[PDB]
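Accompanying notes for the structure given below.
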Amino acid sequence: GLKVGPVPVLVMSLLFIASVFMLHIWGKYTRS
Amino acid sequence: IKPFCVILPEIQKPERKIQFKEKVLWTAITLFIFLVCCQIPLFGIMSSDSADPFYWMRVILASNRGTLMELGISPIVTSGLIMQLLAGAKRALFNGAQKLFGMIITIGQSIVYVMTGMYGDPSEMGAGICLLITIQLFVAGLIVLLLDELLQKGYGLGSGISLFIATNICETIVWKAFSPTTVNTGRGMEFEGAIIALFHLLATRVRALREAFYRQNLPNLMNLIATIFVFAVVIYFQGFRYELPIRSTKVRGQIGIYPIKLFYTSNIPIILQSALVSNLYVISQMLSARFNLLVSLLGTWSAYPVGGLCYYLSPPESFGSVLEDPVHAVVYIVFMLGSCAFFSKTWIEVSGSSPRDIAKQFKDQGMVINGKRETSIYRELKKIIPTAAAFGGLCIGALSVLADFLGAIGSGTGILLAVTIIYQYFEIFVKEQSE
Amino acid sequence: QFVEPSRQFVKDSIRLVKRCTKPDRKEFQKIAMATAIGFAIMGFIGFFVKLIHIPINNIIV
């Protein structure tokens with residue numbers, strides 16, 4: 001059973017947000 | 001299924017207690033994370049011009065079309081209902097299974113959303129972009145579950161559902177009030193926020209005041225006044241309570257007061273009514289759009305209804321609608337009040353707040369009503385609690401229809417949800433302050 | 001014969017309103033101030049997040 005704190009959850013949410021931004025940016029650059 | 005249930009992230013319980021200030025800070029951090037996640041558009045979306053099939057689910061689920069939080073609080077509600085049914089039909093394994101079923105229903109709902117017809121044409125997207133959107137919504141639902149667990153294990157004041165719903169409604173109201181978005185259709189730059197529009201019109205140009213008050217195509221200042229009035233009225237009616245003078249018998253020296261609030265079920269009637277009506281709306285839209293006289297009776301969708309059961313459930317669009325169709329307004333008001341009363345009276349027996357359950361709680365803890373015997377404790381509760389619940393539901397429905405008729409900002413259901421959830425957070429504030 | 005059930009419901013409800021302690025000036029002001037603070041916090045955090053993310057949405061998309 002994996003256990004995390006609140007700070008790991010915050011960091012993982014921020015990493016997901018950043019990953020979505022980089023996915024959009026890579027899509028924009030590849031399209032152009 | 002044990003390995004499958006245990007292969008899931010979980011938040012460590014705070015063995016050491018957390019002060020109220022840190023709980024508030026973590027609640028604010030979770031709120032900020034959800035707010036950022038509900039404004040980030042999804043990747044791979046081809047088009048967002050079609051009508052929203054689940055537009056009526058947005059307020060109740062605290063969602064935003066096209067963003068990561070488009071499913072919203074759906075995983076939490078679905079998992080909770082699924083395991084409530086499972087428990088009815090027959091310890092951390094329970095939480096693990098709840099998380100697993102929430103993820104499964106999140107995958108299913110994401111598949112339905114992608115295949116619904118929005119995001120452009122799924123066939124043109126291909127199995128790649130659709131799968132990528134499914135992964136994004138899966139991770140968003142996992143984040144929602146993690147944030148709800150963060151708020152419920154002890155790091156946060158309230159639950160995730162209530163906080164997210166209240167935050168979405170409050171953000172919608174404040175945006176409609178102060179949005180700096182400019183919209184023009186041949187009449188100059190008209191600001192989309194009512195107060196900012198008032199300032200802009202006063203600076204640019206009496207006529208400005210009347211335009212800012214009766215601006216039909218945009219948020220009004222009269223609508224803001226109605227919203228403030230509904231806030232005040234709902235707060236005043238939420239302050240209503242019945243204080244039962246009680247003592248202790250099992251152990252002496254404990255004195256206290258037992259309040260039976262008028263809004264005995266705080267927002268559960270609103271949540272149940274909104275979920276039922278919005279589900280009916282979604283089913284009616286999908287059924288009429290896809291492909292019968294009975295379907296027409298379920299509602300002649302045209303997007304607002306122009307006939308049918310869903311029309312009779314819909315609030316009147318204007319005073320002219322009531323004038324031309326008084327029967328529709330009467331049926332709508334009657335259904336609101338009756339559904340609220342019936343849902344509250346059902347919930348007080350389902351959620352273990354029945355007069356019998358409260359009497360058993362009094363008897364086990366050794367609580368006795370002052371001036372009344374121990375045997376007749378249930379009788380006074382039988383006199384008070386059922387009427388309290390029924391009239392609380394009826395008053396909630398009356399406030400909702402009053403706010404809808406006044407054209408309040410954020411809808412009557414939204415305003416009632418916001419006020420009730422904020423009052424729950426206020427009573428949490430006072431509880432943690434006194435403790 | 002639903003007249004009698006309805007009459008009993010209305011009479012008992014109005015009696016319940018009579019016994020219920022309606023909030024006074026100080027309690028109403030305190031609860032309204034708390035609700036206003038909470039609503040302002042939530043709505044303005046959401047408002048500022050949306051304003052921050054509008055140019056970001058324009059740039060990234």
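Quick note on naming: the chains in the structure tokens go A, B, ... in the order shown, residues restart at 1 in each chain, and ligands are numbered from 1 in order of appearance.
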Residue hits in chain C, query chain B, radius 9 Å, only C-alpha atoms, as number ranges by chain:
C: 9, 12-13, 16-17, 19-23, 27-28, 31-32, 34-36, 38-47, 49-51, 53-54, 56-57, 61
Got time to write the residues from that selection, C-alpha atoms, as a CSV table (one decimal), in the first residue's frame?
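Dumped everything to again20.csv:
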chain,number,residue,atom,x,y,z
C,9,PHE,CA,-48.8,19.8,8.6
C,12,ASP,CA,-47.4,22.0,13.3
C,13,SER,CA,-45.0,23.8,11.0
C,16,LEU,CA,-42.3,24.9,15.0
C,17,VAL,CA,-41.5,28.3,13.5
C,19,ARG,CA,-40.8,27.9,19.0
C,20,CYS,CA,-37.6,28.1,16.9
C,21,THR,CA,-35.3,30.9,18.1
C,22,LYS,CA,-34.9,33.2,15.1
C,23,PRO,CA,-31.5,34.8,15.1
C,27,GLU,CA,-25.8,36.6,15.5
C,28,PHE,CA,-27.1,37.5,12.0
C,31,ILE,CA,-22.9,34.8,10.4
C,32,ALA,CA,-23.4,37.2,7.5
C,34,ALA,CA,-18.4,35.0,8.0
C,35,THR,CA,-20.4,33.9,5.0
C,36,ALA,CA,-19.3,37.1,3.1
C,38,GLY,CA,-15.8,32.9,2.8
C,39,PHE,CA,-17.6,33.7,-0.4
C,40,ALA,CA,-15.3,36.6,-1.2
C,41,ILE,CA,-12.2,34.3,-0.6
C,42,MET,CA,-13.5,31.5,-2.8
C,43,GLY,CA,-14.9,33.7,-5.5
C,44,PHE,CA,-11.9,36.1,-5.7
C,45,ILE,CA,-9.3,33.2,-5.7
C,46,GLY,CA,-11.2,31.7,-8.6
C,47,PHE,CA,-11.6,35.1,-10.3
C,49,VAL,CA,-6.9,32.3,-11.2
C,50,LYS,CA,-9.2,32.7,-14.3
C,51,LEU,CA,-7.6,36.1,-15.1
C,53,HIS,CA,-5.0,31.6,-16.9
C,54,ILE,CA,-6.7,33.5,-19.7
C,56,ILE,CA,-1.9,31.5,-20.5
C,57,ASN,CA,-4.7,29.7,-22.3
C,61,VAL,CA,-3.3,26.8,-27.1
Using only C-alpha atoms, I'd like a table of the residues in chain B that come within 10 Å of chain A; for each, show the closest atom pair and its distance in Å rounded to one decimal, ordered by chain and ascending number, as CSV.
residue,atom,partner,partner_atom,distance
B:3,CA,A:1,CA,9.3
B:5,CA,A:1,CA,9.2
B:6,CA,A:1,CA,5.5
B:7,CA,A:1,CA,6.4
B:8,CA,A:2,CA,6.6
B:9,CA,A:2,CA,5.1
B:10,CA,A:3,CA,4.9
B:11,CA,A:4,CA,4.8
B:12,CA,A:3,CA,5.4
B:13,CA,A:5,CA,8.3
B:14,CA,A:5,CA,8.7
B:26,CA,A:6,CA,8.3
B:29,CA,A:10,CA,8.2
B:30,CA,A:10,CA,7.9
B:33,CA,A:13,CA,7.3
B:34,CA,A:13,CA,9.2
B:36,CA,A:17,CA,8.3
B:37,CA,A:17,CA,7.0
B:40,CA,A:17,CA,7.8
B:41,CA,A:20,CA,8.7
B:42,CA,A:20,CA,7.7
B:43,CA,A:24,CA,6.1
B:44,CA,A:24,CA,8.4
B:68,CA,A:17,CA,9.1
B:92,CA,A:1,CA,9.7
B:96,CA,A:1,CA,9.1
B:136,CA,A:20,CA,8.3
B:139,CA,A:16,CA,8.0
B:140,CA,A:16,CA,8.6
B:142,CA,A:13,CA,9.7
B:143,CA,A:13,CA,6.7
B:144,CA,A:13,CA,9.8
B:146,CA,A:9,CA,7.1
B:147,CA,A:9,CA,7.8
B:149,CA,A:6,CA,9.7
B:150,CA,A:6,CA,6.6
B:151,CA,A:6,CA,9.6
B:155,CA,A:6,CA,7.6
Which residues in segment 4-164 of chain B does DSSP call strand (DSSP E or B)? List them as an NGL selection string.
:B and (9-11 or 41 or 67)
Long-range neighbours of residue 397 of chain B as an mmCIF file with C-alpha atoms, in the first residue's frame, 12 Å cut-off, only C-alpha atoms, 5 positions minimum in chain:
data_model
loop_
_atom_site.group_PDB
_atom_site.id
_atom_site.type_symbol
_atom_site.label_atom_id
_atom_site.label_comp_id
_atom_site.auth_asym_id
_atom_site.auth_seq_id
_atom_site.Cartn_x
_atom_site.Cartn_y
_atom_site.Cartn_z
ATOM 1 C CA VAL B 234 -30.877 32.015 3.157
ATOM 2 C CA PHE B 263 -32.607 23.222 7.530
ATOM 3 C CA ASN B 267 -28.074 20.937 1.283
ATOM 4 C CA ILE B 268 -28.898 17.258 0.676
ATOM 5 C CA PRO B 269 -32.378 18.122 -0.695
ATOM 6 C CA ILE B 270 -30.721 20.582 -3.088
ATOM 7 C CA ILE B 271 -28.081 18.068 -4.173
ATOM 8 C CA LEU B 272 -30.634 15.295 -4.705
ATOM 9 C CA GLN B 273 -33.082 17.543 -6.571
ATOM 10 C CA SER B 274 -30.356 19.008 -8.781
ATOM 11 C CA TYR B 332 -42.734 23.873 -11.475
ATOM 12 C CA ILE B 333 -43.210 25.469 -8.049
ATOM 13 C CA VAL B 334 -45.238 22.513 -6.769
ATOM 14 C CA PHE B 335 -42.656 20.013 -8.011
ATOM 15 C CA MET B 336 -39.778 21.973 -6.470
ATOM 16 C CA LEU B 337 -41.472 22.153 -3.070
ATOM 17 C CA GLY B 338 -42.705 18.559 -3.113
ATOM 18 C CA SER B 339 -39.405 17.092 -4.287
ATOM 19 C CA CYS B 340 -37.496 19.071 -1.657
ATOM 20 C CA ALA B 341 -39.833 17.982 1.141
ATOM 21 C CA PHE B 342 -39.893 14.333 0.058
ATOM 22 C CA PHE B 343 -36.121 14.155 -0.418
ATOM 23 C CA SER B 344 -35.477 15.679 3.009
ATOM 24 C CA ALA B 390 -40.138 18.509 5.889
ATOM 25 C CA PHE B 391 -40.425 22.254 6.471
ATOM 26 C CA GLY B 392 -36.693 22.735 5.964
ATOM 27 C CA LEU B 402 -37.589 32.768 -5.279
ATOM 28 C CA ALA B 403 -33.960 33.107 -6.374
ATOM 29 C CA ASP B 404 -34.741 31.630 -9.798
ATOM 30 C CA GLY B 412 -31.111 29.404 -7.037
ATOM 31 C CA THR B 413 -29.681 25.906 -6.668
ATOM 32 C CA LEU B 416 -28.358 27.597 -1.911
ATOM 33 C CA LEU B 417 -25.441 25.183 -2.319
#
Rounded to one decimal in Å, what is the spacing between atom CA of residue 280 of chain B and atom CA of residue 87 of chain B?
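Spanning atom CA of residue 280 of chain B to atom CA of residue 87 of chain B is a straight-line distance of 26.5 Å.
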Mind the document's chain letters and residue numbers, and return as a PyMOL selection string the residues of chain A that DSSP labels helix (DSSP H, G or I).
chain A and resi 6-31
